[PDB]
Amino acid sequence: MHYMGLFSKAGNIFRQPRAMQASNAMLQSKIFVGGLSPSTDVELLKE
Amino acid sequence: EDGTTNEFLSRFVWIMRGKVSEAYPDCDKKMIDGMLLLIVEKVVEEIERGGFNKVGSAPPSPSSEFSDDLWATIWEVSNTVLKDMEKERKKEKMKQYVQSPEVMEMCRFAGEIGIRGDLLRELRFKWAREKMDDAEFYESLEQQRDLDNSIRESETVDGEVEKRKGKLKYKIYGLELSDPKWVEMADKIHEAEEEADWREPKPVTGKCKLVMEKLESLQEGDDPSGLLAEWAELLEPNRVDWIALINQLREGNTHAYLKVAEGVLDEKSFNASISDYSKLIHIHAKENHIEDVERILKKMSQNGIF
Amino acid sequence: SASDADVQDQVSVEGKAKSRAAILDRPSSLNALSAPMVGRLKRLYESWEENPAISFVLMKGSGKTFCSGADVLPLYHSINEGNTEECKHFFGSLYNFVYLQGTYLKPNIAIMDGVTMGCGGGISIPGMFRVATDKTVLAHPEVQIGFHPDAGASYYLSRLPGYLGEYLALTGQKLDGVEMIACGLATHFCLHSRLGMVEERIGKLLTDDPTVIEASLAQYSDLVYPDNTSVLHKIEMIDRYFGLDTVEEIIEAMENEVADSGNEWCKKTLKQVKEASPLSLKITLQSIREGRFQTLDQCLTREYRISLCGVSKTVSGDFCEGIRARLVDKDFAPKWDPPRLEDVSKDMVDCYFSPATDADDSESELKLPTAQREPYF
Amino acid sequence: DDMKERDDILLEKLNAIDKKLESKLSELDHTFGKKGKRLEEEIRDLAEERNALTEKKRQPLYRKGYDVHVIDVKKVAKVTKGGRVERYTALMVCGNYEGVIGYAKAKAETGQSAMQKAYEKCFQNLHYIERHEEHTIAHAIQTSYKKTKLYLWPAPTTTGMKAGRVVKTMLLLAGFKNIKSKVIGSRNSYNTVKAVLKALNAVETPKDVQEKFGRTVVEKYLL
Amino acid sequence: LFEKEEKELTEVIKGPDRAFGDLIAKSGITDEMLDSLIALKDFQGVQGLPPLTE
Amino acid sequence: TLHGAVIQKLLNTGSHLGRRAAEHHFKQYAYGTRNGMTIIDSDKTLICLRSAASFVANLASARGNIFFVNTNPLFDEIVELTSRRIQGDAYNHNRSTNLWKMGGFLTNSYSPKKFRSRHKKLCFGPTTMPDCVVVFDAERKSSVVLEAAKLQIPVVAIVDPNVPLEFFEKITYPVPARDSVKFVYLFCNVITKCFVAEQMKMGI
Amino acid sequence: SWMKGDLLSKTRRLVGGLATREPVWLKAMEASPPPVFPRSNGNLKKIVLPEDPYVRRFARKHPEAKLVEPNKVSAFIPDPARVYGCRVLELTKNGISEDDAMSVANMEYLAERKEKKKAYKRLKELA
Amino acid sequence: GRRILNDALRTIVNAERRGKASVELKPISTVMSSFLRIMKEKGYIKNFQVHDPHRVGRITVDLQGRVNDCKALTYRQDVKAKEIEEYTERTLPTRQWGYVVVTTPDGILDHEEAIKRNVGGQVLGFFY
Ligand SMILES: [Mg+2]
């Protein structure tokens, strides 16, 4: 195969899109407990 | 219509020159050319006075400038042109009417039955022939209708009121690129492909194979100018072809490798940039040729680059 | 049998769902045809036409060469041992195969992935579909060997636009795939690296409609335009310098131009013309300027007449001379029986185009089953 | 040719009703009050009319020349707090003696209505089976569906069909004439029907071998 | 502005264009022609969709 | 070559950047793996695009009915304009925005409907069975592929690198790409231009 | 059903035997068949460039450097690391020691940074 | 030889069902190469190449999706020239498609050629 291997010898065409980079930043041990995160979700996030 | 008139004339000028060269063998080519000019004037006069139908109906009385046998030859030659034209058109119509889909499904049923070989070919040709016959009856009726409508309209509106050819027209896959913006797009695509080092070397086919087989057999001190001009006449090298020869000669012979680059140091088709100067000074700093380093610096500073 | 095992390996057959492909497998002589190869291909193509269970057929070459032409060294040795029947049987078989390809009743597809010379284009270029790769090279160096562009090459070269057929046949100028598809010889173009895609997309079509086959080939093909260095851009020079009657007008007008305004293209055309045998040039020019107005069978008939005259040594030994000096001695300096071109008159070039069937010998005329095939090309 | 125009007039009435319904639904958003209520009632009446028209396009059709046979009628029961709820299921097959075969299964409350429902749906799942010279299969075939293993063998032209009730009825309706068969394992009738349809479709014809391998497949007596 | 433009173009250069392979930028082929090259059919007198900015 | 320019237009649309961990049936379209992505081959994207566009255009001579299904809010207007141009006066905005939510809207297209309230608006089924279904569902919110496979209808849809085998095997015309806004516009533009060019050949 | 084959072949086999009526889409599917592509051995090759090791440190070198994507540019204008790697590939291309090539690329990158800075200073001067 | 022969044949079938393109077999044998040559002649594999056959062999085979099952017998089975057809009618599952490959004094043949040559031997296996 020819053309894609040509165009790899060009500018930076392997750039992550905004959605994928935003999910990477969304992801970046264990978690908060249920009785703690439920208290946070009971106080806040009602807006 | 322009095609068949031009092809009638093109066949006619081919055959009547050979008939005149024998009818009047003492006549030289200039008198033949004059007679051909007069005959081609009067045959198009014949077809404007009465069309192609009069040319195949009955021989008329000739003019006084030529004898009767010359007009007899003109008649026979025109008829043998007419038969050739009609035969070529009949064969090209049978060509598509063989593979028209109705005949295709008839032959498909025949092959599923078991009729195979010469009988299948014979029946296919008969069915194509019947398709051609029905098409020609339909076109006869269509032309009669068209002519009657034209003459009816003409009577009503009268009663109501008071050699050389050459051209390229690019067409690929049934798509026309005949506009000059397409050749401009092609130019601006090919130059960028050249620029980005994405062009490929030409295949080394035929005589050029033994030339590089000789270039890998070149000796120390041999002047490669004659073989280099021979190769530049054969394969018309660009920058990519040049560097491909350079890179294959790097494995072919190292002393012949050092000869060629030196020889080329100034060619525009090589597109000598700064990288070639740097590689050629570093390889001779490696190979310990200080005078050759001075020579390449001289031919570098000659072009105003310091 | 047990005697045919070499020819079975020389012409390999590949089977697909509804198609059969003949593959030329001669790496020693670069796919140069022989009489067994042409006879086997004729039998295979006749059976594939006769079979209703096969929808289209294909022709491929293996290696870096599609077909370099025919075997002339075997004909040279056969002439040197005295007889001519082997050459006669070879020529009639090859021209019959070309006629069958030109009047073939099914789609035929010819792949060109390399060099093509001589009858290697005559066996393919009358086909219904021609696919050219980037490595494809098409050339006609018969005038350097002393022969004429036989095997129907006087048909598709004569039907090129302009005087390009005269230019290519006389000068032996090579062509590219883009130039072939510009001239109209090649129907489709595709790269070398993308060949396995197209060669199996065609492999698993279960259709017989030429529109479907053409659209599949176009969809899997490539999009190209000729460059500024293409031959067709100089078609006005081709018309201006190759449009006269005799070869002497052409060479003298070109010499006058190259002397006056020093155009390098006329110099390279001079170098191309001067190598060839001077008897063959008039034969080839008369052949193209006659076969522009004749059909495929008539072109094959007078090509066979020229061939059977030129292998009998009626007036010259240019054929054997060029073959021996370009294949056997390899000195690259052959000496022709007319050492110049002006001494060649109308008599000996009429002796090439002569109706030798009038000499009461039917075996000197090519036979063709024209009533049974009912030809249409 | 009256079927086509009978469908066409229903199509035109449906298109007109759709346009009127769209026109009223466009105005319901901006209309408030008793005018909105009367538009709601008019829309409901139009919906009733369009439901009545679209019910009429459901005319089931059978095909002439086809034969339909009953393979199985069972009485199945469901337990509720008031007793046993008993229903009926029927399994039916159909075929035209020329290679087309189909089957259906249906459940109703009565033994006649179960057969009627399966008779309606018998023509919607139809397969085509390839035969060799219109009397036998191309080669022997063995296949299994769950625990029902089925073997079929071809036979010469004056042998006859050697099969049980379900397999014999299915092959007779498909159009076979000289086949020997054997059912090994469980002999559930519904699984037997499914295993027969698996075997009859797993058979490779000589044309299929020809297409798969690109060679020529020749009968041996034509050699 | 003449003094502004040349000095605004020295935050550019050492390869002002770059994009060694940007065929649309280097050439001038239009989106109608590109859509004509796709699908292998001529598109004259053919009104398709409004522009994406619209 | 012009082909290298067409391919970079496809690359400019952003349709060559898939997601990680492609399935087994997608490595025949894939090219490599870089920066946590599967790179789709633009050559095969173009070939699949040409096949799909040719089929959609070739339906016009046979006078077929094409059904569009879109489940993404990002491509509302492009699919709306494409469906308005192709389907013509027989276009229903309520149906084209709400009917794909109903389960069994094709296998049961003759079931009765009832008017209740403002609701999500009332829409019946199609009177005529469609001949082709063009899908823009990547989150697989609707059962349209399953119903079309049950009812033997060709499906033109754009396939992700993480498509299941069960959904993939029922798709007749796969177009391997990432459905960005530019590529969705380009796809719909090719479809609309091909269909109207076919329509003009019959004088309409 | 229990037939084998894909949509076109199954439908063709069904309509040949007079089981079903011919659907409308059959002719369009025959005129434009679906695409096919050859077998792939299930293996995806990780695409790599020769400039990759020089790109690596380039985030340590000139520490963090340019970013031309948040600054949504185009997928053709190189990104600092790419131009630095191209220079050192063609630099080292000519023999030149590896570390010396890194030094002479580092010096020209920093001279470019000074040139950019004085361009911004003259921007503020004519602002 | 029987263990490695059945090993390579089951590798071939297992990789056919996954829709792959090439397989690699190691260890190899001359009997295995001749068996693969018979498969190539009958059109069940496209090509096969043998690498380093006298020190450490490896065989690369290219597949196309045409073979259903390959077996190699794990026991001794004699056959005469006049028992070949009756044995073939009971060995192949379909009794029509498939070839039984036996080894003979004349070489490693299939069952149709050995009838013509009138020579029997040991049954190696079959493919269909
Ligand atoms: Mg039991």
# chains A, B, ... in the order shown; residues from 1 in each chain; ligands from 1

$ interface_residues --of "chain C" --to "chain A" --cutoff "9 Å" --atoms "only C-alpha atoms" --output "list in words"
residues 191, 193 and 194 of chain C

$ residues_near_ligand --ligand "ligand 1" --cutoff "10 Å" --atoms "only C-alpha atoms and all ligand atoms" --output "JSON list (two decimals) with N, CA, C and O atoms, in the first residue's frame"
[["chain", "number", "residue", "atom", "x", "y", "z"],
["D", 147, "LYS", "N", -29.73, -32.71, 19.60],
["D", 147, "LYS", "CA", -29.49, -34.14, 19.76],
["D", 147, "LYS", "C", -30.01, -34.97, 18.61],
["D", 147, "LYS", "O", -29.87, -36.19, 18.65],
["D", 148, "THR", "N", -30.60, -34.36, 17.60],
["D", 148, "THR", "CA", -31.16, -35.09, 16.47],
["D", 148, "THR", "C", -30.13, -35.16, 15.36],
["D", 148, "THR", "O", -29.88, -34.16, 14.68],
["D", 184, "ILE", "N", -30.99, -40.62, 14.05],
["D", 184, "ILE", "CA", -30.29, -41.24, 15.16],
["D", 184, "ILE", "C", -30.26, -40.25, 16.31],
["D", 184, "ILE", "O", -29.91, -39.08, 16.11],
["D", 185, "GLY", "N", -30.65, -40.71, 17.49],
["D", 185, "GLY", "CA", -30.68, -39.85, 18.65],
["D", 185, "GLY", "C", -32.10, -39.53, 19.06],
["D", 185, "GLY", "O", -32.98, -40.38, 18.98],
["D", 186, "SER", "N", -32.33, -38.30, 19.51],
["D", 186, "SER", "CA", -33.67, -37.87, 19.85],
["D", 186, "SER", "C", -34.50, -37.72, 18.58],
["D", 186, "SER", "O", -33.99, -37.32, 17.54],
["D", 187, "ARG", "N", -35.78, -38.05, 18.67],
["D", 187, "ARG", "CA", -36.68, -37.97, 17.53],
["D", 187, "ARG", "C", -37.78, -36.95, 17.77],
["D", 187, "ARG", "O", -38.95, -37.19, 17.48],
["D", 188, "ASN", "N", -37.41, -35.80, 18.31],
["D", 188, "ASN", "CA", -38.33, -34.69, 18.42],
["D", 188, "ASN", "C", -38.69, -34.19, 17.03],
["D", 188, "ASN", "O", -37.81, -34.05, 16.17]]

$ residues_around --residues "stretch 163-168 of chain F" --least-positions-apart "5" --cutoff "8 Å" --atoms "only C-alpha atoms" --output "list in words"
residues 23, 25, 145 and 146 of chain F

$ interface_residues --of "chain D" --to "chain H" --cutoff "8 Å" --atoms "only C-alpha atoms" --output "JSON, numbers by chain"
{"D": [139, 140, 141, 212, 213]}

$ closest_atom_pairs --of "chain B" --to "chain F" --cutoff "8 Å" --atoms "only C-alpha atoms" --output "JSON lines"
{"residue": "B:186", "atom": "CA", "partner": "F:1", "partner_atom": "CA", "distance": 7.4}
{"residue": "B:189", "atom": "CA", "partner": "F:1", "partner_atom": "CA", "distance": 6.7}
{"residue": "B:190", "atom": "CA", "partner": "F:1", "partner_atom": "CA", "distance": 7.1}

$ write_last_selection --atoms "N, CA and C atoms" --output "CSV table (one decimal), in the first residue's frame"
chain,number,residue,atom,x,y,z
B,186,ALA,N,-2.8,19.6,-13.0
B,186,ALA,CA,-1.8,18.5,-13.2
B,186,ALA,C,-0.4,19.1,-13.0
B,189,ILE,N,0.1,19.9,-9.3
B,189,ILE,CA,0.2,18.6,-8.5
B,189,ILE,C,1.6,18.0,-8.7
B,190,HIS,N,2.1,18.0,-10.0
B,190,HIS,CA,3.4,17.3,-10.2
B,190,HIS,C,4.5,18.1,-9.7

$ closest_residue --among "B:144, B:73, B:238, B:253" --to "chain C" --atoms "only C-alpha atoms"
B:238

$ interface_residues --of "chain H" --to "chain F" --cutoff "12 Å" --atoms "only C-alpha atoms" --output "JSON, numbers by chain"
{"H": [18, 19, 20, 21]}

$ write_last_selection --atoms "N, CA, C and O atoms" --output "CSV table (one decimal), in the first residue's frame"
chain,number,residue,atom,x,y,z
H,18,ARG,N,-10.2,-19.1,11.2
H,18,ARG,CA,-10.0,-17.7,11.7
H,18,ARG,C,-9.9,-16.7,10.6
H,18,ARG,O,-9.8,-15.5,10.8
H,19,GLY,N,-9.9,-17.2,9.3
H,19,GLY,CA,-9.7,-16.3,8.2
H,19,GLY,C,-8.4,-15.7,8.0
H,19,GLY,O,-8.3,-14.5,7.7
H,20,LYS,N,-7.3,-16.4,8.3
H,20,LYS,CA,-6.0,-15.9,8.2
H,20,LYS,C,-5.4,-16.0,6.8
H,20,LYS,O,-6.1,-16.6,5.9
H,21,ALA,N,-4.2,-15.5,6.6
H,21,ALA,CA,-3.6,-15.5,5.3
H,21,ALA,C,-2.4,-16.4,5.2
H,21,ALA,O,-2.3,-17.1,4.1

$ residues_around --residues "residue F:29" --least-positions-apart "2" --cutoff "7 Å" --atoms "only C-alpha atoms" --output "compact mmCIF listing (two decimals) with N, CA, C and O atoms, in the first residue's frame"
# COMPACT_ATOMS: atom_id res chain seq x y z
N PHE F 26 -12.14 -5.74 11.53
CA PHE F 26 -11.79 -4.41 11.06
C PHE F 26 -10.31 -4.26 10.71
O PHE F 26 -9.91 -3.22 10.18
N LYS F 27 -9.49 -5.28 10.97
CA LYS F 27 -8.09 -5.17 10.62
C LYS F 27 -7.85 -5.33 9.12
O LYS F 27 -6.74 -5.05 8.66
N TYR F 31 -4.78 0.07 9.15
CA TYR F 31 -3.45 0.29 8.59
C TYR F 31 -2.35 0.16 9.63
O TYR F 31 -1.30 -0.41 9.32
N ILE F 40 -7.21 4.12 10.01
CA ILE F 40 -8.00 3.50 8.95
C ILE F 40 -7.37 3.83 7.61
O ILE F 40 -6.81 4.92 7.42
N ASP F 41 -7.44 2.89 6.67
CA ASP F 41 -6.89 3.11 5.35
C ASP F 41 -7.81 3.99 4.51
O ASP F 41 -8.98 3.65 4.27
N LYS F 44 -9.14 2.28 1.15
CA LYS F 44 -10.32 1.47 1.34
C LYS F 44 -11.53 2.30 1.73
O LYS F 44 -12.65 1.94 1.36
N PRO F 176 -15.68 2.38 6.21
CA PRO F 176 -14.84 2.49 7.40
C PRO F 176 -14.25 3.87 7.61
O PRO F 176 -13.33 4.27 6.89

$ interface_residues --of "chain E" --to "chain G" --cutoff "7 Å" --atoms "only C-alpha atoms" --output "PDB file with N, CA, C and O atoms, in the first residue's frame"
ATOM      1  N   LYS E   7       7.321  42.641   8.808  1.00  0.00           N
ATOM      2  CA  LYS E   7       7.708  42.322  10.176  1.00  0.00           C
ATOM      3  C   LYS E   7       6.742  41.351  10.852  1.00  0.00           C
ATOM      4  O   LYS E   7       7.136  40.653  11.792  1.00  0.00           O
ATOM      5  N   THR E  10       7.989  37.725   9.798  1.00  0.00           N
ATOM      6  CA  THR E  10       9.190  37.105  10.348  1.00  0.00           C
ATOM      7  C   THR E  10       8.912  36.302  11.616  1.00  0.00           C
ATOM      8  O   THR E  10       9.849  35.738  12.191  1.00  0.00           O
ATOM      9  N   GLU E  11       7.652  36.234  12.058  1.00  0.00           N
ATOM     10  CA  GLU E  11       7.179  35.157  12.922  1.00  0.00           C
ATOM     11  C   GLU E  11       6.754  33.938  12.108  1.00  0.00           C
ATOM     12  O   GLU E  11       6.194  32.979  12.653  1.00  0.00           O
ATOM     13  N   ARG E  18       5.668  25.719   4.660  1.00  0.00           N
ATOM     14  CA  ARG E  18       5.816  24.321   5.120  1.00  0.00           C
ATOM     15  C   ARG E  18       4.780  23.488   4.366  1.00  0.00           C
ATOM     16  O   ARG E  18       4.588  23.731   3.162  1.00  0.00           O
ATOM     17  N   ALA E  19       4.120  22.541   5.041  1.00  0.00           N
ATOM     18  CA  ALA E  19       3.016  21.755   4.487  1.00  0.00           C
ATOM     19  C   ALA E  19       3.425  21.048   3.197  1.00  0.00           C
ATOM     20  O   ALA E  19       2.748  21.134   2.169  1.00  0.00           O
ATOM     21  N   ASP E  22       0.611  19.599   1.010  1.00  0.00           N
ATOM     22  CA  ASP E  22      -0.719  20.207   1.035  1.00  0.00           C
ATOM     23  C   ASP E  22      -1.096  20.575  -0.388  1.00  0.00           C
ATOM     24  O   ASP E  22      -0.808  21.671  -0.871  1.00  0.00           O
TER      25      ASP E  22
END

$ interface_residues --of "chain F" --to "chain D" --cutoff "12 Å" --atoms "only C-alpha atoms" --output "VMD selection string"
chain F and resid 89 to 95 108 to 128 150 to 151

$ write_last_selection --atoms "N, CA and C atoms" --output "short mmCIF file (atom, residue, chain, number, x, y, z; two decimals), in the first residue's frame"
data_model
loop_
_atom_site.label_atom_id
_atom_site.label_comp_id
_atom_site.auth_asym_id
_atom_site.auth_seq_id
_atom_site.Cartn_x
_atom_site.Cartn_y
_atom_site.Cartn_z
N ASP F 89 -41.16 15.50 -1.98
CA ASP F 89 -42.35 15.94 -1.25
C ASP F 89 -42.83 14.90 -0.25
N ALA F 90 -42.49 13.63 -0.46
CA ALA F 90 -42.86 12.56 0.46
C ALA F 90 -41.85 12.48 1.61
N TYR F 91 -41.74 13.59 2.33
CA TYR F 91 -40.84 13.73 3.46
C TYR F 91 -41.67 14.13 4.67
N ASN F 92 -41.38 13.52 5.81
CA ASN F 92 -42.10 13.78 7.05
C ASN F 92 -41.07 14.07 8.13
N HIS F 93 -41.05 15.31 8.63
CA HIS F 93 -40.09 15.68 9.65
C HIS F 93 -40.34 14.95 10.96
N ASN F 94 -41.60 14.80 11.36
CA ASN F 94 -41.92 14.08 12.59
C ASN F 94 -41.49 12.62 12.51
N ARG F 95 -41.75 11.97 11.38
CA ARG F 95 -41.32 10.59 11.20
C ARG F 95 -39.80 10.48 11.21
N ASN F 108 -43.10 -4.42 12.34
CA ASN F 108 -44.52 -4.15 12.59
C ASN F 108 -44.76 -2.70 12.20
N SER F 109 -44.96 -2.47 10.90
CA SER F 109 -45.22 -1.14 10.38
C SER F 109 -46.69 -0.90 10.12
N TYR F 110 -47.55 -1.87 10.45
CA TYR F 110 -48.99 -1.72 10.25
C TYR F 110 -49.75 -1.76 11.57
N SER F 111 -49.07 -1.63 12.70
CA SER F 111 -49.76 -1.64 13.98
C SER F 111 -50.48 -0.31 14.19
N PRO F 112 -51.60 -0.31 14.91
CA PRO F 112 -52.33 0.94 15.12
C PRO F 112 -51.59 1.89 16.05
N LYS F 113 -51.91 3.18 15.91
CA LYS F 113 -51.41 4.21 16.80
C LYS F 113 -52.59 4.90 17.47
N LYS F 114 -52.32 5.56 18.58
CA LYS F 114 -53.34 6.24 19.36
C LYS F 114 -52.85 7.64 19.70
N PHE F 115 -53.74 8.62 19.61
CA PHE F 115 -53.42 9.98 20.03
C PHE F 115 -53.62 10.11 21.54
N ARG F 116 -52.62 10.65 22.23
CA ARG F 116 -52.72 10.84 23.67
C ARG F 116 -52.64 12.30 24.10
N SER F 117 -51.57 13.00 23.75
CA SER F 117 -51.27 14.31 24.31
C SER F 117 -50.31 15.02 23.36
N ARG F 118 -49.62 16.05 23.88
CA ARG F 118 -48.52 16.64 23.12
C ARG F 118 -47.44 15.60 22.82
N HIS F 119 -47.09 14.76 23.80
CA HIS F 119 -46.24 13.57 23.68
C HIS F 119 -44.88 14.00 23.09
N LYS F 120 -44.26 13.11 22.32
CA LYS F 120 -43.13 13.36 21.45
C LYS F 120 -43.59 13.42 19.99
N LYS F 121 -44.86 13.80 19.79
CA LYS F 121 -45.60 13.88 18.52
C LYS F 121 -45.89 12.50 17.93
N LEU F 122 -47.02 12.39 17.23
CA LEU F 122 -47.51 11.12 16.71
C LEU F 122 -47.07 10.94 15.27
N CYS F 123 -46.58 9.74 14.94
CA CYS F 123 -46.13 9.44 13.59
C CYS F 123 -46.41 7.98 13.28
N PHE F 124 -47.01 7.73 12.13
CA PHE F 124 -47.26 6.38 11.68
C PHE F 124 -46.03 5.80 11.01
N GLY F 125 -46.16 4.59 10.51
CA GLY F 125 -45.10 3.97 9.77
C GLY F 125 -45.10 4.41 8.32
N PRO F 126 -44.12 3.92 7.57
CA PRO F 126 -44.13 4.16 6.12
C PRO F 126 -45.17 3.29 5.44
N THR F 127 -45.88 3.89 4.49
CA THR F 127 -46.85 3.13 3.71
C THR F 127 -46.15 2.14 2.79
N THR F 128 -45.00 2.53 2.24
CA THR F 128 -44.23 1.71 1.33
C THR F 128 -42.99 1.18 2.04
N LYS F 150 -33.58 -8.62 9.48
CA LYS F 150 -34.72 -9.52 9.58
C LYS F 150 -35.61 -9.44 8.35
N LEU F 151 -35.74 -8.25 7.76
CA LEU F 151 -36.65 -8.04 6.64
C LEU F 151 -35.95 -7.97 5.29
#

$ select_by_dssp --residues "stretch 8-202 of chain B" --states "helix (DSSP H, G or I)" --output "ChimeraX atom specification"
/B:8-23,29-50,54-56,68-98,101-113,118-160,180-195

$ closest_atom_pairs --of "chain C" --to "chain E" --cutoff "9 Å" --atoms "only C-alpha atoms" --output "tab-separated table"
residue	atom	partner	partner_atom	distance
C:218	CA	E:40	CA	8.1
C:219	CA	E:40	CA	8.0
C:223	CA	E:37	CA	8.5

$ write_last_selection --atoms "N, CA, C and O atoms" --output "compact mmCIF listing (two decimals), in the first residue's frame"
# COMPACT_ATOMS: atom_id res chain seq x y z
N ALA C 218 -12.75 0.89 -13.08
CA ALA C 218 -12.57 2.32 -12.84
C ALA C 218 -12.57 2.64 -11.36
O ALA C 218 -11.79 3.48 -10.90
N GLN C 219 -13.45 1.99 -10.59
CA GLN C 219 -13.55 2.22 -9.16
C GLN C 219 -12.27 1.79 -8.44
O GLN C 219 -11.82 2.47 -7.51
N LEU C 223 -6.20 7.60 -10.85
CA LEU C 223 -6.49 8.83 -11.58
C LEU C 223 -5.17 9.53 -11.91
O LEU C 223 -4.41 9.87 -11.01

$ residues_around --residues "residue D:126" --least-positions-apart "6" --cutoff "12 Å" --atoms "only C-alpha atoms" --output "ChimeraX atom specification"
/D:63,66,93-96,99-104,174,197 /G:1-3,11,13-15,17-21

$ write_last_selection --atoms "N, CA and C atoms" --output "compact mmCIF listing (two decimals), in the first residue's frame"
# COMPACT_ATOMS: atom_id res chain seq x y z
N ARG D 63 -50.28 -19.54 -2.24
CA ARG D 63 -49.84 -19.73 -3.61
C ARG D 63 -50.46 -20.99 -4.19
N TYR D 66 -49.26 -25.25 -4.39
CA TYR D 66 -48.49 -25.67 -3.23
C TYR D 66 -49.32 -26.61 -2.37
N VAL D 93 -45.88 -27.71 7.35
CA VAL D 93 -44.89 -27.61 6.28
C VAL D 93 -45.62 -27.42 4.96
N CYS D 94 -44.92 -26.84 3.99
CA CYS D 94 -45.48 -26.64 2.67
C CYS D 94 -44.39 -26.77 1.62
N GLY D 95 -44.81 -27.11 0.41
CA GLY D 95 -43.87 -27.27 -0.68
C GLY D 95 -44.60 -27.43 -1.99
N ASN D 96 -43.86 -27.19 -3.08
CA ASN D 96 -44.45 -27.15 -4.41
C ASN D 96 -43.97 -28.27 -5.32
N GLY D 99 -38.75 -27.90 -5.50
CA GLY D 99 -37.57 -27.42 -4.82
C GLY D 99 -37.81 -26.38 -3.75
N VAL D 100 -38.99 -25.80 -3.65
CA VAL D 100 -39.28 -24.76 -2.67
C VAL D 100 -40.00 -25.39 -1.49
N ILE D 101 -39.49 -25.17 -0.28
CA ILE D 101 -40.04 -25.79 0.92
C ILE D 101 -40.04 -24.78 2.06
N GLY D 102 -41.08 -24.83 2.89
CA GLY D 102 -41.17 -23.93 4.02
C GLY D 102 -41.89 -24.57 5.18
N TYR D 103 -41.79 -23.92 6.34
CA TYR D 103 -42.40 -24.44 7.56
C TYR D 103 -42.78 -23.28 8.46
N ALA D 104 -43.71 -23.55 9.37
CA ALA D 104 -44.13 -22.53 10.33
C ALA D 104 -44.70 -23.20 11.57
N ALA D 174 -40.50 -31.29 -0.88
CA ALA D 174 -39.40 -30.61 -1.55
C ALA D 174 -39.20 -31.09 -2.98
N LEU D 197 -33.93 -29.31 7.29
CA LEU D 197 -33.63 -28.08 6.56
C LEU D 197 -32.16 -27.70 6.65
N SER G 1 -33.44 -16.92 7.41
CA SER G 1 -33.82 -18.31 7.16
C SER G 1 -32.59 -19.21 7.31
N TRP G 2 -32.66 -20.41 6.73
CA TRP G 2 -31.57 -21.37 6.83
C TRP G 2 -30.71 -21.42 5.58
N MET G 3 -30.89 -20.50 4.65
CA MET G 3 -30.03 -20.44 3.48
C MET G 3 -28.66 -19.90 3.86
N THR G 11 -30.20 -13.85 -2.08
CA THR G 11 -31.35 -13.33 -2.81
C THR G 11 -31.36 -13.83 -4.25
N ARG G 13 -30.04 -16.69 -5.37
CA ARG G 13 -30.43 -18.09 -5.33
C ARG G 13 -31.92 -18.25 -5.06
N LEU G 14 -32.50 -17.35 -4.26
CA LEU G 14 -33.93 -17.43 -3.98
C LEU G 14 -34.76 -17.05 -5.20
N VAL G 15 -34.37 -15.99 -5.91
CA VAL G 15 -35.17 -15.54 -7.05
C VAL G 15 -34.94 -16.39 -8.29
N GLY G 17 -34.96 -19.72 -8.28
CA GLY G 17 -35.83 -20.86 -8.13
C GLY G 17 -37.30 -20.55 -7.98
N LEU G 18 -37.71 -19.31 -8.27
CA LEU G 18 -39.10 -18.86 -8.22
C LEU G 18 -39.71 -19.03 -6.83
N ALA G 19 -38.91 -18.76 -5.80
CA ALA G 19 -39.42 -18.79 -4.44
C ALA G 19 -40.02 -17.45 -4.04
N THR G 20 -39.32 -16.36 -4.33
CA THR G 20 -39.76 -15.02 -4.00
C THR G 20 -39.82 -14.18 -5.27
N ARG G 21 -40.62 -13.12 -5.23
CA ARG G 21 -40.60 -12.16 -6.31
C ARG G 21 -39.32 -11.34 -6.27
